[PDB]
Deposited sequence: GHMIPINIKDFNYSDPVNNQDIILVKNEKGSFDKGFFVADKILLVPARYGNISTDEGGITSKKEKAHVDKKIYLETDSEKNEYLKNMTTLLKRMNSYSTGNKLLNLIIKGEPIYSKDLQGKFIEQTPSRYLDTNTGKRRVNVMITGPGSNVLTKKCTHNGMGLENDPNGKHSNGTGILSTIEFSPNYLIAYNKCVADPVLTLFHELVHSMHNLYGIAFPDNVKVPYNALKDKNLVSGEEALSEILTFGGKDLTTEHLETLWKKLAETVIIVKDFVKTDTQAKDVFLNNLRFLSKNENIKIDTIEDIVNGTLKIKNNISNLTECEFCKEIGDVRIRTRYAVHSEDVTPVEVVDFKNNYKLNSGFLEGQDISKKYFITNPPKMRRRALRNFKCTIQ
């Protein structure tokens, strides 16, 4: 059942050691302290990009709080089968090597490595603070999103590390119900998992009509991976068959790419073993691929925000992924560390009227 993951506790003041406490080279060429809370999962208490607006996360005390609060979310997530399973995939995944102009494979690539003050370090996901908007929660690869990058490494089976922007102190309420940040963080990590294995498919699919959104039986469309990430009623058995199909196509394509190199091929096969939960997965024949990717679809079909929510049991999630922006209310969490707990979540629940939520923050 549960695969042990050691999620490490740090204080922001803990010295850089070049092992689990490092300095990440940022876009401006300065350095932010990074903490490997787990293998290949780097937590960076800093703002993302150049901030000139809302200053949050500049002080040591705020950096320490961010570190503690995000670690609480990760430990909570890891307490549940769904969360633990997701984090394992993220830890164990390996983006495929790239080919140079000679057709030779190279292992040390920007898809696999971040720059640090001591040089290149292997990262699968970097979790860091938001940009200029403190509310931003987003999973990027190479500075780009799910639908931003046609034929990107996030969607072509080769895979790429992600950066997640996320603040646990500034949140959104849907119809007076503040989204639980463990659910939102799980959401973003599902995106990072898809990116890591190069299975973040952008393909538009139709979603069920929503009476309190659509009109005159005109349904909406959304990206397949988005519907998969959220899950619930919006995700249909047909969506999942589209996913199975896309997976099989991807494996066929990637097989052809790595066929020239044993090491590169072995990495791919390792990935397939983790995704499929089958040590004996093969890609020798079309049939092997179809069977293998079926196991992959089944295995990742339960890694959805709705499934995670269900498993927690005592937290609320909105019914549909699609929201109209008239239902949304920003909030600030007061004294997160005392009001949101590892085993409990929000101590008095997610209603916006609770004292530890400030509506329409400064």
Checklist entry - How would you list, in order, the spans of the deposited sequence that the model does not cover? => result 1, 56-71, 380-394
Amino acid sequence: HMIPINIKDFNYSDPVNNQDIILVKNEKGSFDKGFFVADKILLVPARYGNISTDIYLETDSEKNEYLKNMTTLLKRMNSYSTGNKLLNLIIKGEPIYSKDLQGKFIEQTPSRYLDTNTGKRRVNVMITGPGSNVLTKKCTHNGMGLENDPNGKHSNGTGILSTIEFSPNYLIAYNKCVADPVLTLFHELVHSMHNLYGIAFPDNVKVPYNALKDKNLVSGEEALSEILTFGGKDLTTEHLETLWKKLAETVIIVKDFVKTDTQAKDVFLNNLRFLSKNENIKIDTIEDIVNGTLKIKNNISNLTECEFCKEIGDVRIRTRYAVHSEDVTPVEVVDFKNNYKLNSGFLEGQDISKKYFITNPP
From here on, numbers count along this sequence of modelled residues.
Checklist entry - When the C-alpha temperature factors are averaged for each of 318-326 and 29-37, which stretch ends up with the higher value in the entry? => result 318-326
Item to check | 275-283 versus 182-190 - which carries the larger mean C-alpha B factor in the record | outcome: 275-283
Checklist entry - Which has the highest CA B-factor per the PDB entry: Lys85, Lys75, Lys213, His154? => result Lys213
Checklist outcome for this item: Highest CA B factor of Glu94, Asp115, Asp203, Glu249, as deposited, is found at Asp203
Item to check | CA B-factor placement of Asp54, once the chain's modelled residues are sorted into thirds | outcome: highest
Checklist outcome for this item: Of the three thirds of the chain ranked by Cα temperature factor, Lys63 occupies the lowest
Checklist entry - When the modelled residues of the chain are sorted by Cα temperature factor, does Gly143 land in the lowest, middle or highest third? => result highest
Checklist outcome for this item: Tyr170: C-alpha B-factor third of its chain, per the entry, is the middle
Checklist entry - Going by what the PDB entry lists, where does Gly159 fall on CA B-factor within its chain: lowest, middle or highest third? => result lowest
